[PDB]
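For reference, the structure discussed in these notes is given below.
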Amino acid sequence: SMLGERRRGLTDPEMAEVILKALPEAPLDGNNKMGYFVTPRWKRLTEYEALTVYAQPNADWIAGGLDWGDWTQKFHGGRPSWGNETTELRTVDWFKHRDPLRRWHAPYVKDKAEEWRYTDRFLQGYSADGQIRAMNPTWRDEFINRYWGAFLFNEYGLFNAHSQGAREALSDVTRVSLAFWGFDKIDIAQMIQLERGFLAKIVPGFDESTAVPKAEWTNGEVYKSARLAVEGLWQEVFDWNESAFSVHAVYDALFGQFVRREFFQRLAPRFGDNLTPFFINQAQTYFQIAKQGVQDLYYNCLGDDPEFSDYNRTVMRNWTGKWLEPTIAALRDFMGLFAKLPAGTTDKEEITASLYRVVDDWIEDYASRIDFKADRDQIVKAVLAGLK
Amino acid sequence: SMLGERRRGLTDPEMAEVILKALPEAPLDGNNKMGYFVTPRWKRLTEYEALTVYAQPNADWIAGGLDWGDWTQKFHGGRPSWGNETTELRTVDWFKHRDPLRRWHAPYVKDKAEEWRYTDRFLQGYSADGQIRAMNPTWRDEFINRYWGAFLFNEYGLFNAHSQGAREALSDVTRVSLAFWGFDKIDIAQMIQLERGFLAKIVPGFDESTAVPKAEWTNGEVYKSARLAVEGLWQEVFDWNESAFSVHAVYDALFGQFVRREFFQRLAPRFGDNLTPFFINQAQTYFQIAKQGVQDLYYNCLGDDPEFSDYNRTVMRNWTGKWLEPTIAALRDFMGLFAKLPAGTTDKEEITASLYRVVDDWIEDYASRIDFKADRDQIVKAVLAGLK
Amino acid sequence: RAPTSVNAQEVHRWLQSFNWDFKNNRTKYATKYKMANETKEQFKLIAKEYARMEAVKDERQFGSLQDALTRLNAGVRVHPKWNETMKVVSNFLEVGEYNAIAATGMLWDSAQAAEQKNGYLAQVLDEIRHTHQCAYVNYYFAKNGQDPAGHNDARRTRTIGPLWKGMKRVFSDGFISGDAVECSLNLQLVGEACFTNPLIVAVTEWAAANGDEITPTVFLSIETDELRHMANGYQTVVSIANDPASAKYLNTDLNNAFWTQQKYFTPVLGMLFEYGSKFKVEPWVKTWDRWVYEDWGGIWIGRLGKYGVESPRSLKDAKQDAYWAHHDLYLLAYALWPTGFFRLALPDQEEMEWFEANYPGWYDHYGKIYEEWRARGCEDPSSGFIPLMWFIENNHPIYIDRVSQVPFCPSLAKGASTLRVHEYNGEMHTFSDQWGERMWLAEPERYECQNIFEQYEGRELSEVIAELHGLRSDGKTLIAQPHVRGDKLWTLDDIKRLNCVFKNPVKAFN
Amino acid sequence: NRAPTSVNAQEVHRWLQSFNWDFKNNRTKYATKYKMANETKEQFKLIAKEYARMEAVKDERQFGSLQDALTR
Amino acid sequence: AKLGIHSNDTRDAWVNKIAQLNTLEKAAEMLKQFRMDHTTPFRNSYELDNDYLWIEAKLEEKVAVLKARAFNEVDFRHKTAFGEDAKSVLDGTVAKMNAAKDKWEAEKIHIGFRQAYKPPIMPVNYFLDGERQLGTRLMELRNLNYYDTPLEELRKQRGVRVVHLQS
Ligand SMILES: [Co+2]
Ligand SMILES: [Co+2]
């Protein structure tokens with residue numbers, strides 16, 4: 001029928017009057033601010049904070065928890081649903097972390113959605129504008145298809161490295177940040193394949209199969225150490241903070257940045273490739289967004305913890321040393337790719353200069369924050385040994 | 001108060017009861033589709049058409065109008081609010097046009113808003129990522145600032161050429177498209193300045209003032225014929241259709257496309273500049289968006305008018321010729337810019353290939369639609385006759 | 001040179017190939033099962049497209065909430081009882097959503113096929129959205145509602161009461177502690193499929209009937225995502241069906257999961273629905289039988305028979321103890337009203353008729369009891385009476401099930417009246433059924449949750465409430481109330497005057 | 001430093017006035033008895049992008065309420 | 001006195017006690033003792049039932065801080081707070097678990113492993129790798145023919161003292 005059979009209490013005269021009659025003359029409490037008991041990071045409590053902080057039902061025995069008592073059901077053997085035992089790092093309060101971009105779910109999918117729709121528009125405009133005509137065939141068919149492609153597996157592995165953290169993170173703010181860092185990594189892997197699928201639609205004979213870039217990843221030399229490092233970071237690390245920290249503040253900060261920014265972003269334009277840089281732009285935006293969260297959690301909150309600052313820095317310095325070597329090996333093997341380029345593309349000086357940019361950025365944004373004594377020239381020298 | 005003093009018919013028991021009592025048992029007409037009488041361009045009528053077609057109160061004496069009688073108030077002298085006398089082109093129905101992208105206000109601002117927010121995110125990532133470190137200092141301080149900047153006035157002038165069309169358009173569907181074509185143009189001009197404003201923030205010494213780029217536009221030599229072409233299309237043309245057609249199917253399709261796509265979008269990447277291309281990606285996405293609209297109006301509707309096809313093609317071929325000259329002149333003057341480029345940037349072989357791309361895309365996308373006999377070789381030859 | 005692009009499906013076509021082999025490529029969690037690495041997922045999504053479809057839903061949802069609904073004063077024009085019910089409904093569901101984030105992160109880790117990992121990944125992201133959505137409902141009612149207390153701090157005031165403990169078992173620890181597959185069962189195969197999804201729809205129904213258009217707006221949106229979550233539960237079973245271990249353990253983990261979920265929701269949902277509303281939608285009895293017995297334990301569970309799945313062996317008992325479950329529990333929840341973060345009301349005259357009508361015998365048992373508590377002045381702050389006292393006077397001890405955390409009073413209950421008391425290595429343990437007892441006997445170390453009587457033992461009631469911040473902004477009036485009227489609200493002092501001191505009922509045993 | 005940096009509408013609008021240049025036919029195409037000063041300022045310092053965004057936000061709520069709650 | 005859920009005399013008493021643990025060996029030994037005395041269904045006593053979880057965490061914080069200061073980087077990653085080789089301990093325990101004849105034997109192995117090596121005693125990476133392997137075996141043994149033993153017999157197997165029954 002036009003009116004329907006279901007009567008609603010907000011509009012149904014009879015029911016609404018019943019409801020209105022039972023109502024108080026005014027609210028039974030003037031404090032209408034959900035999450036008012038949360039210590040605000042900024043001037044005033046944010047929606048991000050209100051909707052997120054303390055969602056995790058931790059008891060006081062897990063630093064910062066407001067509940068009490070043991071979990072109702074634990075693992076066979078006795079392991080707690082969440083516990084201090086899942087990470088070496090300690091803190092006065094696991095709920096102190098704040099994503100500087102204040103991303104709760106709504107804002108997060110909103111921005112990515114905008115990026116998705118614009119990407120589609122960009123591609124339709126790119127194809128319709130025939131800009132592919134000026135792209136060097138060799139750069140396109142060998143470096144984008146094979147080498148940029150193989151990098152999707154690196155990003156895919158870093159994505160998977162986050163699986164355990166999604167399960168073990170000791171707070172809501174940290175779980176949400178981690179989830180988003182991981183989600184952005186798989187997005188990039190998918191955007192690399194997206195570009196390959198696109199090229200296959202506008203370039204006759206371009207095979208979008210992942211077989212070639214996957215064989216490069218699993219059996220080539222250029223990415224051998226990178227893959228070895230990724231397999232370790234992902235499956236050999238059972239500590240959710242060692243995983244996130246080592247991925248974002250060591251491996252991806254050095255190797256990741258070098259490959260994306262100092263190789264592809266830097267060289268693609270030289271071969272008439274404005275296509276790959278469109279996607280790398282997204283990756284770097286994501287990288288810089290995650291960096292703010294990574295720094296807030298590991299340096300602002302943990303490395304600067306009023307009670308465990310010294311302890312956490314010792315641990316993180318430990319992790320940095322542990323993962324720096326595998327990361328250098330990864331960069332060293334990657335140096336082999338430069339020999340595959342057409343003569344005159346770049347030279348040792350440019351490569352070295354670009355290595356230093358990555359290393360210097362890493363020392364300023366990460367190493368120095370925990371007093372890790374990194375020697376810029378020693379690191380670069382070790383990597384350069386890989387130049388074939 | 002908690003309940004407020006205002007009583008609402010939808011929720012107030014007393015008022016709602018009265019309202020429900022007056023309601024019929026079922027709708028008084030089963031035809032619940034607004035714009036049902038509109039002739040669908042596609043399979044089923046779209047929201048775009050429903051909300052747009054026939055909003056303009058034209059009477060039957062203006063091809064397509066559904067109203068009757070003269071206008072209630074006219075200009076001193078007798079000129080009608082809207083009349084056949086404002087354009088040389090004739091048609092069986094001015095409401096035939098359909099933006100292929102079906103853009104009414106909502107979708108339009110949604111897309112540009114996504115582009116705006118992503119642009120902001122991009123800039124924050126770009127700066128934080130220090131990608132400016134690898135950009136050629138001369139390209140930035142001379143070609144981006146002065147020459148790219150000066151181009152903003154070209155786009156700006158093209159934006160303004162749409163002012164009269166905004167007033168004289170003979171239908172809603174045409175008025176909306178026109179408004180969007182012009183708005184995208186000023187957007188581009190503002191994006192050019194945005195970049196210069198961005199550079200000024202991350203590159204000390206960089207002056208965002210329009211003084212330099214303006215003087216180049218007003219008194220320079222590179223864009224002289226370009227500016228002359230603009231001033232004429234804008235302030236010397238009084239036929240709204242000639243203006244739209246000449247600006248989009250002639251001038252901007254040749255000169256504009258060359259400058260944006262074949263010069264900056266093509267060369268910026270060679271100087272480690274992925275910044276400018278980020279903005280040209282927009283300008284080109286927009287250009288390609290507008291093109292579908294321009295093609296549907298002048299070719300699909302007017303050029304192929306079941307009764308004035310022949311007549312309109314004549315008028316457009318006439319316009320094509322009238323403006324093909326000032327355009328070529330604009331292109332010749334632009335050639336002088338290559339001479340200012342550092343040695344080795346590009347060779348005459350590449351340029352000839354770029355010109356033919358523009359000229360050929362133009363013939364395929366515009367000139368051939370109205371049976372305009374263009375000579376690719378003669379045009380390219382004429383333009384090239386202006387190199388260093 | 002025609003406008004071309006790439007969609008999600010076109011990229012997803014190659015997603016299964018993203019994973020590669022290496023010696024240590026294996027789940028980090030303990031499990032009796034092996035998920036096939038060839039397992040596929042139902043929805044061919046990629047991160048970008050997932051975000052877009054969810055953003056579109058948010059748009060409509062927040063648009064309604066912030067504009068039309070706010071203009072209509074929808075946050076206020078809701079029945080008082082229901083404003084209280086949603087404090088519990090929205091916040092308790094929130095933790096379920098939250099723990100499902102970790103739970104699915106664990107399943108993502110368990111899965112070896114890239115597509116199956118991807119399926120779980122989308123749920124991880126969805127449960128984050130749902131957490132924020134449930135948070136938003138409490139957030140909205142606190143900001144624009146008739147009583148913000150409880151809605152504004154449930155995340156900490158929920159810790160005072162016994163009802164919260166059981167919620168954590170089925171929607172927190174049950175979702176993440178144990179064999180990944182066992183967790184999947186509690187979460188997807190049983191939790192969402194049998195109760196959550198049906199519950200979500202039902203809640204929007206009861207909400208609309210009580211003037212609440214806020215919850216329908218959010219929950220109906222949550223519901224659109226749960227369709228995909230079902231496929232994750234189904235694919236879990238599929239990914240392990242061909243593994244010999246499956247025949248050995250699947251039905252046991254499933255049966256345990258079913259009992260776990262049922263044990264808490266059978267009584268709690270019915271209680272919030274029938275006692276937390278003015279306008280009723282349907283008797284819990286028939287709703288339960290349709291959900292659990294008809295739709296789930298018959299239709300849904302049956303379709304999985306081809307994978308070895310059988311109907312829960314404990315399904316019969318579940319049905320037997322179901323009938324009076326929620327009624328037995330409200331007596332306890334109301335008797336312990338000072339420990340909640342919401343206001344409760346005695347059934348009114350009209351309601352007792354509905355109850356007696358839909359549950360022959362209700363009046364002679366519960367009806368009379370409430371009338372006496374009413375007579376004793378349970379609603380009046382000057383009465384110096386709390387229903388708990390009545391239980392003490394009439395020697396009706398309230399115990400807490402060591403496993404499920406569900407409170408029970410076997411000496412009064414009309415439903416299950418079984419009580420098992422064991423002493424083990426210096427500690428007493430109380431169970432209310434043979435399934436939970438079995439769980440504890442076989443897995444003592446999994447169930448060590450201390451109950452409210454153990455923690456509050458020897459503590460004066462007002463001190464516990466004050467310590468755990470169970471007060472309103474005035475710092476004197478209690479959040480919880482024995483009535484939903486706007487006047488004569490109990491204060492901490494009214495409670496202190498009662499001099500109620502908790503004691504652990506199991507200590508009576510020798 | 002590499003601090004996250006961007007540019008807003010006001011920052012671009014500041015130079016909007018200079019976007020127009022002097023020339024030949026630079027005048028209205030419509031009959032009028034008045035002369036609008038070419039130095040006139042506008043109150044809202046907007047650019048196409050920001051305009052689009054502020055309106056998109058309003059559309060969001062509006063259509064959201066219409067298609068969802070109001071229809072329900 | 002001073003009672004309370006989150007703050008009480010017992011907790012204060014342990015904070016003072018912990019404050020005097022200033023060498024790794026002494027602190028680590030006390031944490032291990034604490035776990036034997038107050039955790040799991042096999043704890044030596046239930047006297048600290050309401051505060052042990054919290055006190056254990058505070059004890060853990062101290063052992064961790066002391067270990068980080070005393071151990072070189074290699075040992076912090078690979079040795080237990082007691083100087084044992086983490087891998088050896090892990091492998092040996094897993095080997096023991098795989099030899100377990102039944103679920104009763106297996107539960108003792110798993111539970112005792114936790115009591116003795118829970119971080120910060122054993123490095124987190126090895127401990128959770130242990131949880132992974134030991135938990136799998138424990139569950140495999142326990143979930144086999146789960147309902148075959150009647151409650152009357154299971155109570156006897158668990159060895160509980162049936163205090164009161166009613167039905
Ligand atoms: Co959910
Ligand atoms: Co779900």
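In the structure tokens, each chain is lettered A, B, ... as it comes, each chain's residues begin at 1, and ligands are numbered from 1 in order of appearance.
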
Given a cut-off of 6 Å, which residues of chain E touch chain A, counting only C-alpha atoms, written out as an NGL selection string?
:E and (53-54 or 65 or 73 or 110-111 or 119 or 125)

Please identify the residues whose atoms come within 10 Å of ligand 2, using only C-alpha atoms and all ligand atoms, and report them as a ChimeraX atom specification.
/C:96-98,100-101,104,122-128,130,187-188,191-193,196-197,222-223,225-230,232-233

Can I get the selection written as a short mmCIF file (atom, residue, chain, number, x, y, z; two decimals), in the first residue's frame, with N, CA and C atoms?
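Written output follows (out20.cif):
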```
data_model
loop_
_atom_site.label_atom_id
_atom_site.label_comp_id
_atom_site.auth_asym_id
_atom_site.auth_seq_id
_atom_site.Cartn_x
_atom_site.Cartn_y
_atom_site.Cartn_z
N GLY C 96 31.83 -6.60 19.71
CA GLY C 96 31.79 -7.78 18.86
C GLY C 96 32.41 -7.41 17.52
N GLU C 97 32.05 -6.23 17.04
CA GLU C 97 32.56 -5.72 15.79
C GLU C 97 34.07 -5.58 15.94
N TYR C 98 34.48 -4.93 17.03
CA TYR C 98 35.89 -4.71 17.28
C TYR C 98 36.71 -6.00 17.31
N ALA C 100 36.01 -8.75 16.02
CA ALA C 100 35.91 -9.43 14.74
C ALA C 100 37.01 -8.87 13.83
N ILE C 101 37.54 -7.70 14.18
CA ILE C 101 38.63 -7.11 13.41
C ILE C 101 39.85 -8.01 13.61
N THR C 104 39.32 -11.67 12.25
CA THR C 104 39.52 -11.81 10.81
C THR C 104 40.97 -11.54 10.40
N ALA C 122 38.79 -7.91 3.56
CA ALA C 122 37.64 -7.02 3.40
C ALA C 122 36.81 -7.02 4.68
N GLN C 123 36.74 -8.16 5.36
CA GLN C 123 35.97 -8.22 6.60
C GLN C 123 36.70 -7.46 7.70
N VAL C 124 38.02 -7.56 7.73
CA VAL C 124 38.83 -6.85 8.71
C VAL C 124 38.44 -5.37 8.63
N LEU C 125 38.45 -4.85 7.40
CA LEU C 125 38.10 -3.46 7.15
C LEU C 125 36.63 -3.18 7.47
N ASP C 126 35.75 -4.13 7.18
CA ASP C 126 34.33 -3.94 7.48
C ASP C 126 34.09 -3.90 8.99
N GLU C 127 34.78 -4.75 9.74
CA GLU C 127 34.57 -4.77 11.18
C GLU C 127 35.11 -3.49 11.81
N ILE C 128 36.01 -2.81 11.11
CA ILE C 128 36.52 -1.56 11.63
C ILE C 128 35.39 -0.55 11.39
N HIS C 130 32.21 -1.19 11.19
CA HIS C 130 31.12 -1.51 12.10
C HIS C 130 31.38 -1.06 13.52
N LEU C 187 32.51 -16.83 15.28
CA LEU C 187 32.27 -15.56 14.60
C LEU C 187 31.31 -15.61 13.41
N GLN C 188 31.72 -16.30 12.35
CA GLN C 188 30.94 -16.35 11.13
C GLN C 188 29.89 -17.45 10.97
N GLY C 191 28.03 -17.27 15.13
CA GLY C 191 27.80 -15.90 15.56
C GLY C 191 27.01 -14.97 14.65
N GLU C 192 27.55 -14.72 13.46
CA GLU C 192 26.89 -13.83 12.51
C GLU C 192 25.69 -14.49 11.85
N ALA C 193 25.91 -15.67 11.28
CA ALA C 193 24.86 -16.42 10.58
C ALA C 193 23.62 -16.74 11.41
N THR C 196 23.84 -12.66 14.90
CA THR C 196 24.14 -11.29 14.47
C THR C 196 23.28 -10.74 13.34
N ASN C 197 23.36 -11.35 12.17
CA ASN C 197 22.58 -10.87 11.03
C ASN C 197 21.10 -10.79 11.37
N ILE C 222 25.08 -1.42 8.14
CA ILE C 222 26.00 -2.46 8.59
C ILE C 222 25.61 -3.78 7.92
N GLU C 223 24.30 -4.00 7.88
CA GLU C 223 23.71 -5.21 7.32
C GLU C 223 24.15 -5.48 5.88
N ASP C 225 26.94 -5.03 4.54
CA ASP C 225 28.30 -5.57 4.52
C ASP C 225 28.35 -7.02 4.99
N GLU C 226 27.45 -7.38 5.90
CA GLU C 226 27.44 -8.74 6.44
C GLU C 226 27.09 -9.83 5.44
N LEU C 227 26.58 -9.44 4.28
CA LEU C 227 26.25 -10.41 3.25
C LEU C 227 27.56 -11.05 2.78
N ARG C 228 28.59 -10.23 2.64
CA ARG C 228 29.90 -10.71 2.22
C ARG C 228 30.56 -11.55 3.31
N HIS C 229 30.34 -11.18 4.57
CA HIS C 229 30.93 -11.90 5.68
C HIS C 229 30.46 -13.35 5.74
N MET C 230 29.25 -13.59 5.26
CA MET C 230 28.71 -14.95 5.25
C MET C 230 29.56 -15.84 4.36
N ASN C 232 32.61 -15.64 3.84
CA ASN C 232 33.87 -15.94 4.52
C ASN C 232 33.69 -17.15 5.44
N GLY C 233 32.51 -17.24 6.06
CA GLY C 233 32.24 -18.35 6.95
C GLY C 233 32.08 -19.64 6.17
#
```

Shell of 10 Å around residue 51 (chain A), only C-alpha atoms, local chain residues under 6 positions omitted, as a VMD selection string:
(chain A and resid 34 to 35 104 to 105) or (chain C and resid 131 to 139)

Which residues of chain B are close to chain C, meaning at most 8 Å apart when you count only C-alpha atoms, and how do they look as a PyMOL selection string?
chain B and resi 2-3+11

Go ahead and save the picked residues with C-alpha atoms, as a CSV table (one decimal), in the first residue's frame.
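That gives us part.csv:
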```csv
chain,number,residue,atom,x,y,z
B,2,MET,CA,14.5,19.4,24.4
B,3,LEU,CA,11.5,19.1,22.2
B,11,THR,CA,6.0,13.8,13.6
```

If we count only C-alpha atoms, which residues of chain A reach to within 10 Å of chain D? Please list them as a tab-separated table (two decimals) with N, CA and C atoms, in the first residue's frame.
```
chain	number	residue	atom	x	y	z
A	288	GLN	N	54.00	8.60	2.89
A	288	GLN	CA	54.15	9.74	3.79
A	288	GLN	C	53.05	9.83	4.84
A	289	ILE	N	51.87	9.30	4.52
A	289	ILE	CA	50.76	9.31	5.47
A	289	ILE	C	51.06	8.29	6.57
A	361	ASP	N	67.36	10.81	4.38
A	361	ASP	CA	65.97	11.00	4.79
A	361	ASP	C	65.66	10.00	5.91
```

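The Cα RMSD of chain A against chain B, after a best least-squares fit over all residues paired in order, is 0.2 Å.
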
Based on DSSP run over this structure's backbone, return all residues of region 12-59 of chain B in alpha helix (DSSP H), as a VMD selection string.
chain B and resid 13 to 22 47 to 52

Take the selection from the previous step and output its residues with N, CA, C and O atoms, as a PDB file, in the first residue's frame.
```pdb
ATOM      1  N   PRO B  13       1.750  14.196  16.579  1.00  0.00           N
ATOM      2  CA  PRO B  13       0.561  13.341  16.587  1.00  0.00           C
ATOM      3  C   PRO B  13      -0.715  13.999  16.075  1.00  0.00           C
ATOM      4  O   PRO B  13      -1.397  13.444  15.214  1.00  0.00           O
ATOM      5  N   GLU B  14      -1.033  15.180  16.592  1.00  0.00           N
ATOM      6  CA  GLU B  14      -2.245  15.890  16.175  1.00  0.00           C
ATOM      7  C   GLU B  14      -2.233  16.242  14.687  1.00  0.00           C
ATOM      8  O   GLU B  14      -3.131  15.857  13.941  1.00  0.00           O
ATOM      9  N   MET B  15      -1.209  16.972  14.263  1.00  0.00           N
ATOM     10  CA  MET B  15      -1.093  17.380  12.869  1.00  0.00           C
ATOM     11  C   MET B  15      -0.983  16.212  11.889  1.00  0.00           C
ATOM     12  O   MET B  15      -1.610  16.221  10.831  1.00  0.00           O
ATOM     13  N   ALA B  16      -0.199  15.203  12.251  1.00  0.00           N
ATOM     14  CA  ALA B  16      -0.005  14.036  11.396  1.00  0.00           C
ATOM     15  C   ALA B  16      -1.309  13.278  11.185  1.00  0.00           C
ATOM     16  O   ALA B  16      -1.569  12.775  10.089  1.00  0.00           O
ATOM     17  N   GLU B  17      -2.120  13.196  12.239  1.00  0.00           N
ATOM     18  CA  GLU B  17      -3.410  12.506  12.173  1.00  0.00           C
ATOM     19  C   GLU B  17      -4.303  13.197  11.151  1.00  0.00           C
ATOM     20  O   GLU B  17      -4.957  12.543  10.337  1.00  0.00           O
ATOM     21  N   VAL B  18      -4.322  14.523  11.197  1.00  0.00           N
ATOM     22  CA  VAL B  18      -5.118  15.309  10.265  1.00  0.00           C
ATOM     23  C   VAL B  18      -4.631  15.069   8.839  1.00  0.00           C
ATOM     24  O   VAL B  18      -5.429  14.894   7.918  1.00  0.00           O
ATOM     25  N   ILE B  19      -3.314  15.055   8.667  1.00  0.00           N
ATOM     26  CA  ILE B  19      -2.710  14.839   7.362  1.00  0.00           C
ATOM     27  C   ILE B  19      -3.040  13.452   6.814  1.00  0.00           C
ATOM     28  O   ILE B  19      -3.488  13.316   5.678  1.00  0.00           O
ATOM     29  N   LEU B  20      -2.817  12.424   7.624  1.00  0.00           N
ATOM     30  CA  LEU B  20      -3.090  11.059   7.204  1.00  0.00           C
ATOM     31  C   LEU B  20      -4.555  10.885   6.823  1.00  0.00           C
ATOM     32  O   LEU B  20      -4.883  10.145   5.897  1.00  0.00           O
ATOM     33  N   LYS B  21      -5.429  11.581   7.541  1.00  0.00           N
ATOM     34  CA  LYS B  21      -6.865  11.509   7.294  1.00  0.00           C
ATOM     35  C   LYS B  21      -7.250  12.070   5.924  1.00  0.00           C
ATOM     36  O   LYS B  21      -8.193  11.592   5.292  1.00  0.00           O
ATOM     37  N   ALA B  22      -6.517  13.079   5.462  1.00  0.00           N
ATOM     38  CA  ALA B  22      -6.809  13.695   4.171  1.00  0.00           C
ATOM     39  C   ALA B  22      -6.229  12.945   2.970  1.00  0.00           C
ATOM     40  O   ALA B  22      -6.652  13.169   1.840  1.00  0.00           O
ATOM     41  N   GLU B  47      18.540  10.400 -14.877  1.00  0.00           N
ATOM     42  CA  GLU B  47      18.318  11.469 -13.916  1.00  0.00           C
ATOM     43  C   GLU B  47      18.802  12.777 -14.539  1.00  0.00           C
ATOM     44  O   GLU B  47      18.156  13.816 -14.418  1.00  0.00           O
ATOM     45  N   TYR B  48      19.943  12.704 -15.218  1.00  0.00           N
ATOM     46  CA  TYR B  48      20.546  13.857 -15.881  1.00  0.00           C
ATOM     47  C   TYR B  48      19.548  14.582 -16.767  1.00  0.00           C
ATOM     48  O   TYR B  48      19.396  15.801 -16.687  1.00  0.00           O
ATOM     49  N   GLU B  49      18.866  13.819 -17.612  1.00  0.00           N
ATOM     50  CA  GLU B  49      17.890  14.380 -18.538  1.00  0.00           C
ATOM     51  C   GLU B  49      16.640  14.879 -17.823  1.00  0.00           C
ATOM     52  O   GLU B  49      16.171  15.994 -18.066  1.00  0.00           O
ATOM     53  N   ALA B  50      16.107  14.045 -16.940  1.00  0.00           N
ATOM     54  CA  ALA B  50      14.902  14.390 -16.201  1.00  0.00           C
ATOM     55  C   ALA B  50      15.037  15.744 -15.515  1.00  0.00           C
ATOM     56  O   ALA B  50      14.178  16.619 -15.661  1.00  0.00           O
ATOM     57  N   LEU B  51      16.135  15.920 -14.788  1.00  0.00           N
ATOM     58  CA  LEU B  51      16.375  17.158 -14.054  1.00  0.00           C
ATOM     59  C   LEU B  51      16.809  18.340 -14.911  1.00  0.00           C
ATOM     60  O   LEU B  51      16.808  19.475 -14.437  1.00  0.00           O
ATOM     61  N   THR B  52      17.159  18.094 -16.169  1.00  0.00           N
ATOM     62  CA  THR B  52      17.642  19.178 -17.018  1.00  0.00           C
ATOM     63  C   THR B  52      16.799  19.590 -18.219  1.00  0.00           C
ATOM     64  O   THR B  52      16.517  20.773 -18.404  1.00  0.00           O
TER      65      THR B  52
END
```

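Shell of residue 17 (chain D) at 12 Å, with only C-alpha atoms counted and residues fewer than 2 places along the chain excluded, is residues 153, 156, 190, 209, 210, 211 and 214 of chain B; 12, 13, 14, 15, 19, 20, 21, 38, 39, 40, 41, 42 and 45 of chain D.
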
Go ahead and write the residues just picked, C-alpha atoms, as a JSON list (two decimals), in the first residue's frame.
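Once everything was written out, this is part.json:
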```
[["chain", "number", "residue", "atom", "x", "y", "z"],
["B", 153, "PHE", "CA", 46.11, 33.68, -19.30],
["B", 156, "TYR", "CA", 41.70, 32.23, -18.53],
["B", 190, "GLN", "CA", 43.88, 28.50, -11.24],
["B", 209, "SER", "CA", 53.51, 36.81, -8.42],
["B", 210, "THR", "CA", 51.90, 36.78, -11.86],
["B", 211, "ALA", "CA", 54.04, 39.77, -12.87],
["B", 214, "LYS", "CA", 51.74, 38.02, -17.26],
["D", 12, "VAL", "CA", 45.52, 31.33, -5.44],
["D", 13, "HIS", "CA", 42.69, 33.85, -5.36],
["D", 14, "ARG", "CA", 45.11, 36.54, -4.18],
["D", 15, "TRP", "CA", 46.37, 36.69, -7.76],
["D", 19, "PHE", "CA", 44.28, 37.24, -14.40],
["D", 20, "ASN", "CA", 42.64, 39.80, -16.70],
["D", 21, "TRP", "CA", 44.60, 42.00, -19.11],
["D", 38, "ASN", "CA", 37.54, 47.11, -13.11],
["D", 39, "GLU", "CA", 39.08, 47.31, -9.64],
["D", 40, "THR", "CA", 36.04, 45.79, -7.89],
["D", 41, "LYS", "CA", 36.76, 43.06, -5.34],
["D", 42, "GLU", "CA", 34.65, 40.01, -4.48],
["D", 45, "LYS", "CA", 38.04, 34.23, -2.18]]
```

Pick out the residues sitting within 10 Å of residue 473 (chain C), and hand them over as a count of residues only; count only C-alpha atoms, and ignore anything fewer than 5 positions along from it in its own chain.
9

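Proximity of C:153, C:348, C:463, C:443 to residue 484 (chain C), computed with only C-alpha atoms, is greatest for C:348.
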
Skip residue 173 (chain A) itself and residues of its chain fewer than 5 positions away, then list as a list in words all residues within 8 Å of it, counting only C-alpha atoms.
residues 52, 53, 95, 97, 98 and 99 of chain A

Just the residues within 12 Å of residue 14 (chain C), please, counting only C-alpha atoms, with nothing from its chain fewer than 3 positions along; format it as a VMD selection string.
(chain A and resid 152 189 to 190 192 to 194 196 to 197 208 to 211 213 to 214) or (chain C and resid 8 to 11 17 to 19 40 44 to 46 114 to 115)

Would you list which chain B residues are within 8 Å of chain A using only C-alpha atoms, as a PyMOL selection string?
chain B and resi 1-2+10-14+16-17+25-27+111+114-115+117-118+121-122+124-126+128-129+131+134+261+266+269-274+277-278+281-282+284-286+288-289
